[PDB]
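Everything on this sheet refers to the single structure shown next.
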Amino acid sequence: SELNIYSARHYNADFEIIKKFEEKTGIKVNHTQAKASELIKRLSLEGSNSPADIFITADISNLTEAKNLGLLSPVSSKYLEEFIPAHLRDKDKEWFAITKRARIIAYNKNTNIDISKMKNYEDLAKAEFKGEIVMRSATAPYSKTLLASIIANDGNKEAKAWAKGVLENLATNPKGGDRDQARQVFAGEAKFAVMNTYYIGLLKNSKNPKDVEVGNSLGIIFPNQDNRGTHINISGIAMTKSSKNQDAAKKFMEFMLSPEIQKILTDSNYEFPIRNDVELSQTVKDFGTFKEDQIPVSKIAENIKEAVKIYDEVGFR
Ligand SMILES: [Fe+3]
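Here the deposited numbering is used: the first residue of the sequence shown is 5, the next is one more, and so on.
Take a look at the structure:
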């Protein structure tokens, strides 16, 4: 009858998906969108009394934070286990990926720009790029999880040095999110933006012609192709321990991995599907092929607390 979703996703495509669920099942969805940090705090304070049934994020670490705050409940679904690879879901069955996305370095391909020395995440922190980089706030999930991945791969001293150098190199204080950083590259205010791949698709296919202009100017560097490969993060989903509509919650989680919905996620939101039998949308194919970091996303997320402290220490936020 009702299903209460707390979502840190921030996409128009989700509205269509939810309508399709309502149409299919007759269940009314109450959709609450806010920042992940706000939702996790809210879930903690509301506790067992929360009306929430579902927590959706655009980030692995937010799911693990929620798990480790005792806020989620395990789901044993043959459907989810068949179609989500084990490396993309919790061993303890409390969180499950619905998409993949890659955090890349974007440049203005309508300029002559030498990208030969901007090859790895490490390079963003190099003195030669002072004043040439833009990135959103350190408090953003994408930023926290990227730094956590650097800790996991290269250690906490490289992480701190990276964070410090990135801060020093920013063309501007962080101003809005990925699409705003992309506009700064379009406008020539910075040479390189740290951003997720799907935003390039959203922009290029936008019904707002100004978004199309921005998206059309972007080239992609997939970082670290000569070594470990590019940072992958997930959007994902969990049932809350507070859930009183558990059947609906499980139905919704399975619906997010259904063929039609995985196709919408790539066709309409330009993300990578989790299912291995869903063709990429043509825009996403145009991003190109690339090497992905093989690290389990769960292992990245083990470093989230320290990532927060490092960004705080070097002077973000
Ligand atoms: Fe996003």
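A virtual CB, placed ideally from N, CA and C, is assigned to each residue, including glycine.
- The C-beta distance from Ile22 to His14 rounds to 14 Å, too long to fall under 8 Å, and the pair is not in contact.
- In the pairwise beta carbon analysis, the stretch 245–263 is classified as touching the stretch 49–69: at least three pairs are separated by under 8 Å.
- The shortest CA-to-CA distance from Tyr274 to any of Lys254, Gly319, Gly192, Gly219 is the one to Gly219.
- Under the three-state reduction of DSSP output, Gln298 falls in the coil class, being neither helix nor strand.
- From the listed residues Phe100, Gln185, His235, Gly181, the smallest Cα separation to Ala175 is found for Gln185.
- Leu7 is bridged by DSSP to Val33.
- The C-beta distance from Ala197 to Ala70 rounds to 29 Å, too long to fall under 8 Å, and the pair is not in contact.
- In the structure shown, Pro78 adopts coil according to DSSP, grouped into three states.
- Counting only residues of its own chain and dropping the five nearest sequence neighbours on each side, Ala40 has a CB closer than 7 Å to the CB of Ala12, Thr61, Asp63, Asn66, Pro145.
- Excluding the 5 residues flanking it on each side, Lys130 has same chain C-beta neighbours closer than 7 Å at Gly169, in chain order.
- Rounded to whole angstroms, the gap between the alpha carbons of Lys309 and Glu20 is 35 Å.
- Here the alpha carbons of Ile225 and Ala110 stand approximately 6 Å from one another.
- With contacts defined as CB atoms closer than 8 Å, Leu84 and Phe100 qualify as a contacting pair.
- Looking at the DSSP output, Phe100 shares a beta bridge with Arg93, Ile241.
- Under the DSSP assignment, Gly169 falls in the alpha helix (DSSP H) whose first and last residues are 160–173.
- Secondary structure in the stretch 258–283: the alpha helix (DSSP H) runs of 4 residues or longer, each lying completely within the stretch, are 263–271 in chain order.
- DSSP places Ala152 within a helical segment (H, G or I) once states are collapsed to three.
- Taking 8 Å as the cut-off, the Cβ atoms of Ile236 and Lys82 do not count as close.
- DSSP places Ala40 inside the alpha helix (DSSP H), whose first and last residues are 40–50.
- Between ligand 1 and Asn200, a heavy atom-to-CB distance of less than 7 Å is present.
- Counting only the Cα atoms, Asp118 lies some 45 Å from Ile58.
- Taking a 10 Å sphere around the C-beta of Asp182, we find 16 or more other C-beta atoms and assign the residue as buried.
- Less than 8 Å separates the beta-carbon of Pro263 from that of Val282.
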